[PDB]
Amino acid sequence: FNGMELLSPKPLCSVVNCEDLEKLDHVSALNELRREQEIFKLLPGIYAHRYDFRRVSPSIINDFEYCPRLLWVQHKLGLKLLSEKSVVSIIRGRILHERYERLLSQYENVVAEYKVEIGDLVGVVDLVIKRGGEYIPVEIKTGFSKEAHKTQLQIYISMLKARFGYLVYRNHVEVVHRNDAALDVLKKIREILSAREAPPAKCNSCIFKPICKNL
C-alpha cells in the first residue's frame, strides 16, 4: 500500500489471489503462458529457457543439490532445463512472484529486485524491507525446493549483514535466522561450473535423458 510502511510480509496467498491461478493447468493455457516466459519445449518431456549463470538463484542451489551433473550440463547449454512436471509450477510461481512483488514494493519502506554482488557472481533479492538503516531481505518461495530458497535467503542475510530474513510461503511465513554456513554452498557451485569435466550424477534416474549423457 502506497503511503504506509511494512513491519513484516504476509503469506503470498494472503496478498495475492492464488485461486485465480489454479485455472492454468491445461496445455492450451500452458502454451500461451510459455510464450511470454520465453520457455520452450526442447524434448517431449523437457522444457527450457535461457539462463545467465553469472546470476545466483534458488534455481542453481536447487539444482546443485539435486544433481551437480545437471547443473554442469545446463551451464554448458546456456539453458535452464525444466521437467514437464514442474514447468507449470515455475510459470505459476513466476506470476505469483510478480504480483506479490509489485504489491509489496508499493510500501514506502519496501523495495524490489535489490541487486547485490557476490564477487564474480551477482544476486537479486526478491524484496528488501528497510526497517531503519538495516536491510531485511525477503525471499519468495516459488517453484523450487524449500531448502533451496532458504539457503538463497541465508546468503542474502549474510551479505546484507541482517539479523534475520523472511521466507514467504503460500499460506504462512518463516523467519530464517542468519547462517553464514550457507555461503559455503557458494564456493562449491563456483567450482562445479568452472570444472572442465562433468561431475557424477547424484540422482536415482535422470528425467532429462538423453541430454545429461550427451553433455
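Each residue number is its position in the shown sequence, starting from 1.
So, looking at the entry's B-factor column for Cα atoms, which has the higher mean, 105-113 or 73-81? Stretch with the higher mean C-alpha B-factor: 105-113.
If you average the CA temperature factors as listed in the entry, which stretch comes out higher, 164-172 or 183-191? Per the deposited B-factors, the answer is 183-191.
I'd like to know which of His177, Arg34, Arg50, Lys150 has the highest C-alpha temperature factor in the PDB entry. Largest recorded C-alpha B-factor: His177.
Taking the values straight from the PDB record, which of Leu121, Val125, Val87, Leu96 has the highest C-alpha temperature factor? Highest C-alpha B-factor among the listed options: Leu121.
Record-listed C-alpha B factor of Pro68: chain third: Within its chain, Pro68 is a middle-third residue by C-alpha B-factor, going by the deposited values.
What third of its chain, lowest, middle or highest, does the C-alpha temperature factor of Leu43 fall into? Highest third - that is where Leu43 ends up once the chain's C-alpha B-factors are sorted.
Where does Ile211 sit by CA temperature factor within its chain: lowest, middle or highest third? Lowest third.
Of the three thirds of its chain by CA temperature factor, lowest, middle or highest, which one includes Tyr135? Top third by C-alpha B-factor.
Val27, C-alpha B-factor rank within chain (lowest, middle or highest third): Highest third of the chain for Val27's C-alpha B-factor.
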